[PDB]
Amino acid sequence: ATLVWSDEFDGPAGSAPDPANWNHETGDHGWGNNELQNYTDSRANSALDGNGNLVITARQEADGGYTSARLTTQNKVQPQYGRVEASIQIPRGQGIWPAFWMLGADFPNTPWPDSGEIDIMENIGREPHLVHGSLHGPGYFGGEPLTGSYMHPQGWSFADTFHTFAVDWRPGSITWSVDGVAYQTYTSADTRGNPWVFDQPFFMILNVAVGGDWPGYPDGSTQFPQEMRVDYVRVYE
Ligand SMILES: [Ca+2]
């Protein structure tokens, strides 16, 4: 193995994520899941903390609406195979939906789900002690991705500290791990005769959604603002 790319998120508090690596996606159209947040390019929703982390902040505004950030490496960093990992301290709260994931690099020239989607880590706030790893592709998408979950080995909340979420990825096979512990592997044999769409470059995405069909919506147990802290993203080949 060799570390071929990383963002270690060095820099003073309030600095922008490095534009050599990152794009901001913006908007409040639901993002395919009836999500509530408006993603912005404001330093109030994504910036470095001066302590070596990227911080994405989900906020509630005076009118009751929500803002957050969704950062991608589209057209800038496009891994194909190896180990793709991030050290992340996830937020917490009912309705909060942090994610580290990848979309096939031909999107939207190729539509979703044909483009492929690899979800490295997703969490929903009502399950603080669980993360999910998933694949979306033709015939296995949306409500029915190839998927599974990993519970914190002691049953504790993942939001308590930083954890390393990764996939190890090769032609025809993807393995998910948390803190180095592999918990599932899906291969071309698991698609039930549907095409395996993961033998191509992907780009990376970090976001915090607020609300959605799967997580449900914020309630009295949700405390805004909420931060996702990312110490680094590293790609090994
Ligand atoms: Ca760092």
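Following PDB author numbering, the numbering of the sequence shown begins with 7 at its first residue and continues without gaps. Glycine included, each C-beta is placed from N, C-alpha and C at the ideal position.
*Report the option in 32, 49, 52 whose CA atom is closest to the CA atom of residue 43.*
Numbered from 1 along the sequence shown, position 37 holds the residue referred to as residue 43. That would be 32, whose Cα lies nearest to the Cα of residue 43.
*Determine the burial state of residue 172: buried for a count of at least 16 other Cβ atoms within 10 Å of its Cβ, exposed for fewer.*
The sequence position of residue 172 within the sequence shown is 166, counting from 1. Answer is buried; the Cβ neighbour count reaches 16.
*Count the other CB atoms within 10 Å of the CB of residue 125; is the residue buried (16 or more) or exposed (fewer)?*
As a working mapping, residue 125 is identified with position 119 in the sequence shown. So residue 125 ends up on the buried side.
*Quick one: residues with CB closer than 7 angstroms to any heavy atom of ligand 1, in chain order, please.*
14, 15, 16, 58, 59, 237, 238
*Distance, Cα to Cα, residue 237 vs residue 15?*
The residue you call residue 237 lines up with position 231 of the sequence shown. The residue you call residue 15 lines up with position 9 of the sequence shown. Rounded to the nearest angstrom, the two C-alpha atoms are 7 angstroms apart.
_Cα-Cα separation, residue 57 to residue 199_ = As a working note, residue 57 is residue 51 in the sequence shown. As a working note, residue 199 is residue 193 in the sequence shown. The straight-line gap from Cα to Cα measures roughly 47 angstroms.
*asked:* One question on the structure: do residue 45 and residue 51 come within less than 9 angstroms of each other, judged by their Cβ atoms?
replied: Residue numbering aside, residue 45 sits at position 39 when the sequence shown is read from its first letter. Residue numbering aside, residue 51 sits at position 45 when the sequence shown is read from its first letter. Result yes, Cβ atoms of residue 45 and residue 51 sit closer than 9 angstroms.
_When 160, 194, 20 are compared against residue 53, the one with the closest alpha-carbon_ = As a working note, residue 53 is residue 47 in the sequence shown. Comparing Cα positions, the closest option is 20.
*Return yes when the Cβ of residue 143 is within less than 9 angstroms of the Cβ of residue 201, no when it is not.*
In the sequence shown, counting from the first residue as 1, residue 201 sits at position 195. In the sequence shown, counting from the first residue as 1, residue 143 sits at position 137. Yes, Cβ-Cβ distance for residue 201 and residue 143 is below 9 angstroms.
*asked:* For residue 149 and residue 119, I'd like the C-alpha separation in whole angstroms.
replied: Here residue 149 is taken as the residue at index 143 of the sequence shown, counted from 1. Here residue 119 is taken as the residue at index 113 of the sequence shown, counted from 1. Going from the Cα of residue 149 to the Cα of residue 119 covers about 12 angstroms.
*Output the distance between the C-alpha atoms of residue 206 and residue 86, rounded to the nearest integer angstrom.*
Stepping through the sequence shown from its first residue, residue 206 is reached at position 200. Stepping through the sequence shown from its first residue, residue 86 is reached at position 80. Within the model, the alpha-carbon separation for residue 206 versus residue 86 is close to 6 angstroms.
*Which stretch, first to last residue, makes up the beta strand (DSSP E) that contains residue 137?*
As a working mapping, residue 137 is identified with position 131 in the sequence shown. Per DSSP, residue 137 belongs to the beta strand (DSSP E) from 136-142.
*How would you label residue 152, buried or exposed, when you count the other beta carbons within 10 angstroms and need 16 or more for buried?*
The sequence position of residue 152 within the sequence shown is 146, counting from 1. Buried, by the Cβ-count rule.
*Where does residue 174 fall in DSSP's three states?*
Working through the sequence shown from its first residue, we reach residue 174 at position 168. It is a strand residue.
*Give me whichever residues DSSP pairs with residue 124 in a beta bridge.*
Stepping through the sequence shown from its first residue, residue 124 is reached at position 118. Looking at the DSSP assignment, residue 124 forms a beta bridge with 108, 141.
*Give me the Cβ distance between residue 192 and residue 88, rounded to the nearest whole Å; I'm assuming they're in contact under 8 angstroms.*
In the sequence shown, counting from the first residue as 1, residue 192 sits at position 186. In the sequence shown, counting from the first residue as 1, residue 88 sits at position 82. With a Cβ gap of about 17 angstroms, residue 192 and residue 88 do not count as contacting.
*Using the DSSP secondary-structure output, state which residues sit across from residue 96 in a beta bridge.*
By one-based count along the sequence shown, residue 96 stands at place 90. Answer is none; residue 96 lacks a bridge partner.
*Identify whether residue 195 lies in helix, strand or coil by the three-state DSSP scheme.*
Taking the sequence shown and counting its residues from 1, one reaches residue 195 at position 189. Note: residue 195 maps to helix in three-state DSSP.
*For my contact list, residue 130 and residue 103 are in at a C-beta cut-off of 8 angstroms; report their separation, rounded to the angstrom.*
By one-based count along the sequence shown, residue 130 stands at place 124. By one-based count along the sequence shown, residue 103 stands at place 97. Rounded, the Cβ-Cβ distance is 6 angstroms, consistent with contact.
*Between 116, 26, 101, 8, which lies nearest to residue 78 when the distance is taken from Cα to Cα?*
Taking the first residue of the sequence shown as position 1, residue 78 is located at position 72. Of the candidates 116, 26, 101, 8, the one whose C-alpha sits nearest the C-alpha of residue 78 is 26.
*Opening and closing residue of the beta strand (DSSP E) in which residue 86 lies*: Against the sequence shown, residue 86 aligns to sequence position 80. That residue, residue 86, is in no beta strand (DSSP E); it is neither H nor E in DSSP.
_If you follow the beta strand (DSSP E) that residue 211 is in, where does it begin and where does it stop?_
Here residue 211 corresponds to residue number 205 of the sequence shown, with the count starting at 1. 208-216 is the span of the beta strand (DSSP E), which, as asked, contains residue 211.
*Quick one, which of 134, 36, 70, 194 has its alpha-carbon nearest residue 76's?*
By one-based count along the sequence shown, residue 76 stands at place 70. Of the candidates 134, 36, 70, 194, the one whose C-alpha sits nearest the C-alpha of residue 76 is 36.
_Tell me whether the segment 56-72 and the segment 211-220 touch, counting them as touching only if at least three CB pairs, one residue from each stretch, are closer than 8 angstroms._
yes
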